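A note on names: the letters A, B, ... follow the listed sequences, proteins ahead of strands, and every chain is numbered from 1. Every number for a ligand or one of its atoms is a count from 1 in the order of the listing.
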Amino acid sequence: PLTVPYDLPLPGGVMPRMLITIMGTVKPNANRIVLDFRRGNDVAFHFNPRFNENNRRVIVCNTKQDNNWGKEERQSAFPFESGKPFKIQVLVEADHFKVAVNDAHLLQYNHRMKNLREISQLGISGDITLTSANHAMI
Amino acid sequence: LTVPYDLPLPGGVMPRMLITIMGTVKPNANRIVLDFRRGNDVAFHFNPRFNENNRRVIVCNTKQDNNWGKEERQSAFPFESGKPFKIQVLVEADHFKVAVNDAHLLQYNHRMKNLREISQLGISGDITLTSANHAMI
Ligand SMILES: Cc1nc2ccc(-n3ncnc3[C@@H]3O[C@H](CO)[C@H](O)[C@H](n4cc(-c5cc(F)c(F)c(F)c5)nn4)[C@H]3O)cc2s1
Ligand SMILES: Cc1nc2ccc(-n3ncnc3[C@@H]3O[C@H](CO)[C@H](O)[C@H](n4cc(-c5cc(F)c(F)c(F)c5)nn4)[C@H]3O)cc2s1
């Protein structure tokens, strides 16, 4: 039983083969969800499911450095349903993040910020209840 | 061994199976392919491409009912034209894991879940093969 927003510390930074697993439930009339892998006030990887952008559901990914966003990467596969439980797994590899939801591959996001040791927090927020958040090696 | 080569997987694939392949990339290689086959379906296709829009990339996918799915792509590219390599593929309960020259390269979650039905590993494209075997670890 965790609270939201939740900043999961990643004390040593991220490394290849780290698998982060987040379990929770989408709030019944959710509008947005966010996972932010942060390096200080910069966001190495922002993963943002939007339940209604111009009447579509879309996940937007991007990077924030010095208070500026970059080029968005967008994906319409949308495995989240309002009110329903979900398992998100983020696998960190040497060149990208890979995300799977409910054990199914969703997307990949190539590293823009290359200093993986400095990514030391994962911010989890938006319209969810959070049951658990941890990581392991695979 | 001669390429293309089909490595039989007599009891299919199962967690803890390790496959080890040694060969050499041809100096003018364009593509390499490892295909875990179940009939016409390919549970996991591993496809290093040496020149796709002037980049090297590895493309992974699954073919089921004659249709490919969503690709997983890797820019980490451990193969060099002309050079020997070692590929190991470990089957785990949740995914295949692939290491090249003893370094982790990628993982690929299972999409086709009936692993015991995978009967052959096809090895082809721009390589020469010194050996290919499987063991349980
Ligand atoms: C170079 C660029 N200039 C712009 C200008 C505008 C935008 N627009 N237009 C709509 N929304 C955006 C922005 O897109 C970003 C992704 O590219 C972030 O998602 C950004 N954003 C969302 C959130 C957020 C905060 C929360 F508390 C949440 F719970 C939550 F779920 C999301 N914080 N920042 C969002 O405002 C994008 C860009 S890229
Ligand atoms: C839903 C989809 N619609 C498309 C449309 C086009 C493609 N494009 N566009 C370029 N190449 C592709 C295809 O990507 C596939 C993986 O997603 C396979 O690699 C597919 N392919 C390569 C090979 C192959 C055969 C050989 F004998 C080799 F030696 C060898 F090294 C590779 N067999 N099949 C390839 O043609 C992909 C997709 S997925």
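For a threshold of 3.5 Å applied to N or O pairs, the pair formed by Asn62(A) and ligand 1 contains at least one separation below that value. Distances between N or O atoms of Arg31(B) and those of ligand 2 include no value under 3.5 Å. By the 3.5 Å distance cut-off applied to N or O atoms, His46(A) is counted among the residues near ligand 1. Residue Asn48(A) places at least one N or O, backbone or side chain, under 3.5 Å from an N or O of ligand 1.
Within the listing of ligand 1, atoms 1 (C), 39 (S) sit less than 4.0 angstrom from a heavy atom of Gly70(A). Under a 4.0 Å criterion applied to the non-hydrogen atoms of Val34(A), ligand 1 contributes the atoms 24 (C), 28 (C), 29 (F), 30 (C), 31 (F), 32 (C). Residue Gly126(A) approaches ligand 1 through these ligand atoms, each under 4.0 Å from one of its heavy atoms: 29 (F). Proximity to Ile33(A) (heavy-atom distance under 4.0 Å) selects the following atoms of ligand 1: 31 (F).
A continuous path of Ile, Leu, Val, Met, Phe, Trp and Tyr side chains, each step under 4.5 Å between heavy atoms, connects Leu129(B) with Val89(B), placing both in one hydrophobic cluster. Transitive grouping of hydrophobic side chains (ILVMFWY, heavy atoms separated by less than 4.5 Å) brings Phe47(A) and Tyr6(A) into a common cluster.
Looking only at side-chain heavy atoms (C-beta outward), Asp103(A) and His110(B) stay at 4.5 Å or farther from each other. In this structure the side chain of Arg17(A) reaches within 4.5 angstrom of the side chain of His104(B), judged on heavy atoms. In this structure, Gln108(A) and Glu93(A) have side chains that are not in contact, with every pair of non-hydrogen atoms separated by 4.5 Å or more.
Residue contacts with ligand 2 for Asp126(B) are absent, since no atom lies close enough (heavy atoms, distance under 4.0 Å). Contacts between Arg49(B) and ligand 2, counted as non-hydrogen atom pairs separated by less than 4.0 Å, involve the side chain only.
Applying the side chain to side chain donor-acceptor pair (under 3.5 Å) test to residues at least two apart or on different chains, none of the pairs has a partner in residues 122-138 of chain A.
For the ring-ring contact (aromatic ring centres under 6.0 Å, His included) test, residues two or more places apart in sequence or in another chain that qualify with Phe45(A) are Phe37(A), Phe97(A), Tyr109(A).
The residue from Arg73(B), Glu52(B), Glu71(B), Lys63(B) that puts a heavy atom closest to atom 16 (C) of ligand 2 is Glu71(B).
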What verdict does the salt bridge (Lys or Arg N to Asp or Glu O under 4.0 Å) test give for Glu53(A) and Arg74(A), after you've listed the backbone C-alpha separation in whole Å, the side-chain angles of each residue and the deciding distance to 0.1 Å? CA-CA 12 Å; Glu53(A) 182 188 64; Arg74(A) 292 173 161 252; 2.6 Å; yes
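Not a single heavy atom of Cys60(B) lies less than 4.0 angstrom from ligand 2.
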